[PDB]
Structures are given as structure tokens and as C-alpha cells.
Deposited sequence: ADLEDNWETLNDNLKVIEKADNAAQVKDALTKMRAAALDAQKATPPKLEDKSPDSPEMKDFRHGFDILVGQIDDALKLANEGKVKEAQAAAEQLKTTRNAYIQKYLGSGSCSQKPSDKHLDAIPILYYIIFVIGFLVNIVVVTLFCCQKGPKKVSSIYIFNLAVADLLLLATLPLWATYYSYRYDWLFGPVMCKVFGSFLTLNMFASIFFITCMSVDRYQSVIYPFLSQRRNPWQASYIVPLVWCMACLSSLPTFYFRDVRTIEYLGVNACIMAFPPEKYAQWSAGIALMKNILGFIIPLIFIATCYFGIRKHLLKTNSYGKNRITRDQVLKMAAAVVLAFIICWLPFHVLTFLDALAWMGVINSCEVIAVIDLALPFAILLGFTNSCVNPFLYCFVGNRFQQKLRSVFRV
């Protein structure tokens, strides 16, 4: 009965988008208004045991009054003969449809000190072109790990910003600038290792990698601000999008493409580009033992990237579909929310892995390649 009224509201929503005349739009909105009023009186199979006078059955009923109110606004535009305006008011209904632990701080700090220690070891031992990318990656990793105490304290006050709205934009962007600079230098490292594997034959690339990181962190500086979430009654540092569902889905999609898809394309093309070349050699003696060892070092950098960043990017794509209206079951939406800070920690863990993948096995890679 509840799935039968929401199917009607979601069916006609698609109709409004594919409609060309205002008579088509008014017809779908009339079928919606009736279904919204008919759904307002029904009890869902999740709250079928619940009482009608409960505070849960005070706000969820109020939610429909908002939905009917938004349908009437769209109806007023359609009756005036305003297709583009009534179709725009229908996009606001999508946003209404979507609206319908001590271990975490300890874990943020334990990986902070470790990551700072292993990366301060890289900067000091370094103190070649490949070695110039190691320094920059170690610097970008060090600055990213340095922001961990801030997010640990932010979570200790259960999502509360007490540092200022300027710090929300400044430290918010600084986080994104170094996260991308770390990802984009991992890519440089994979392209260089591939270039050396094929042919044994950098003051422009390093400033470009920082410029691309500055550009990719501009929506972070444009949207991040201290806001009051009326739902929880708290002051949080969030992406203050204009009146919102479209922007959250669009930005979630940009996080995956620039931060995982495009980088992983490169990491994977370089690994299989190194695997194909070293397989065409056909080694038999101790060279078969040597080629396998080189291949293991090539396999490690691509496998460590997907172990550290795939859990978070999977959660981000699932969240994007929620704002689109694909996934609507609140039970599944709650799981994404709970798992999110553990997925965010794996991203920071990649900075602890990096010294072992490139610097600590740097000399070994070149010596075993010049051998085969």
C-alpha cells in the first residue's frame, strides 16, 4: 500500500521530466497530489506497530504536508503555462523524497604518529627524477596526516565545529589539496616506473601536479562552511550547497572520477604495461626468480591503492544514488553513515603504506631492472 503510492509519485516524476506541454505536467502533478494525500493516512510496514500520536508520526506526516505544498507550487506554475518552471519545482520533490565510538578517535591518532614517523624517515633518508617524486609524495602525505588530530577532536564532540568558519574553508581545502597531490604523485610514480621498464633513455611536472591539486580543491573552498543542522541542533563544518540533492550527487561523482577512476586507470595500465613487457622476455634461470620479484613490487602499488581507497569510493557512489533517488531504504542508508569514518581512515592509511612501496624498495627496483 505504501510502496504502491510512492511508485505512483516516482512514476509521475519521470513523466514530468519527459513532458513537453504544461497539460502533461499538470496531469502528472494531479495524480501525485492525490497519491500524497492517500499516503499521508497510511502506516508504513516499518512503523506499523507505532502509535499515531507518537513524535515519529508528527514529523513524517508533516513531511507529506511539505510534499503536497511543493506539488501546489508546481501546479500554480503549470496552470500559468510554465513548463520549464513546473519541471524545476519537480526537482525539489526529489530532495523531499530523500529527506523522508571511542575507538574512532584512538584509531585516527595511532595511524597519525606512525604515518608521520615513516614519512619523516623518507624526507630524512632522501636528505634522480624518481627520487624527486618520492620527496613531493612524502611532503603531501606529511601535510595530510597532520590534519588527523583536527578530525579526531571534531568527532570527539560528535560533529561540532569550534575552530571558526574560516578554519572550515582553510583546513577543509588544505585537506583536499594534499589528498589529491598524494594521489596525483602516486600516478607520476607509476608512469615513471613504466617509462623505465620499456626504455632506459621533472621541473615542469611537479608544479603542474600541485596546480591540478589546487584546481581540484576549489569546490571545497567554494562550498565548505559552518552551518546549523536543525535536524540534530548542532554547528557543523559542511558543504553548504544552495537549496541541494543535485549538488551532493554531482560532487560525489566528481570525488570518484578525479580521486579514484582516472588515477586507477593509470596505475592499472602501467602495471599491465610492465607485466606484458617483462613476460615477453622469457627468463629461465635465477632471472625467472628475479622477474617474479620485480612483478611483486609492481603488483603491490596497484593492490595497496584499491585496498585503501575502494571502500570509501564505494560508499560515496552508494551515497550519490541516494540523492538521485535510486536507493531509498533508510536501513541501507544508515549503514553507509556508520561505516563512513572507518572508510575515511583507510585513505589516510595509504600515506603510511607509501614509504614501504616506493622509498624503502627504490634502489632494489632499479638494480633488479638493469639486471633482467
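> What ranges of the deposited sequence, counted from 1, have no C-alpha atoms in this structure?
Those parts of the chain that were deposited but carry no coordinates are 1, 102-119, 147-152, 227-235, 278-279, 409-411.
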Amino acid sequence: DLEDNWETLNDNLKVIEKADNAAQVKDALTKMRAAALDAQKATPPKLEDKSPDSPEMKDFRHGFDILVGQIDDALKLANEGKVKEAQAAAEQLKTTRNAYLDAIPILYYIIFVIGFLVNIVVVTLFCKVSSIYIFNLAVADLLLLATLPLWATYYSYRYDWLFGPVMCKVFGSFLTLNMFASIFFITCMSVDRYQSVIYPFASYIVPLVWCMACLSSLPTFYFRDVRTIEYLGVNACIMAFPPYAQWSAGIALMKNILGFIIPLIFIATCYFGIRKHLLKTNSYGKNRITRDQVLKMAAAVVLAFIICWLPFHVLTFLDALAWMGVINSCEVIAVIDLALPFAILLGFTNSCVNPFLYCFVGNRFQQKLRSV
From here on, numbers count along this sequence of modelled residues.
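> Can you tell me which stretch has the higher mean Cα B-factor, 52-60 or 343-351?
The stretch with the larger average C-alpha B-factor is 52-60.
> Averaged over C-alpha atoms, is the B-factor higher for 292-300 or for 184-192 in this PDB entry?
Averaged over C-alpha atoms, the B-factors run higher in 292-300.
> By the entry's C-alpha temperature factors, tell me which of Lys255, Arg224, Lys286, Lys276 sits highest.
The listed residue with the largest C-alpha B-factor is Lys286.
> Looking at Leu77, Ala103, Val129, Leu145, which has the highest CA B-factor as recorded?
So the option with the highest C-alpha B-factor is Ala103.
> Quick check on the deposited entry: does the C-alpha B-factor of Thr316 sit in the lowest, middle or highest third of its chain?
Middle third by C-alpha B-factor.
> Within this chain, which third does the Cα B-factor at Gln87 fall in: lowest, middle or highest?
Middle third.
> Classify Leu37 as lowest, middle or highest third according to the C-alpha B-factor given in the PDB entry, relative to its own chain.
Ranked within chain, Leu37 CA B lands in the middle tercile.
> Looking at the entry's B-factor column for C-alpha atoms only, identify whether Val25 ranks in the lowest, middle or highest third of its chain.
It falls in the bottom third of the chain.
> Within this chain, which third does the Cα B-factor at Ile66 fall in: lowest, middle or highest?
As the PDB entry reports it, the C-alpha B-factor of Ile66 lands in the middle third of its chain.
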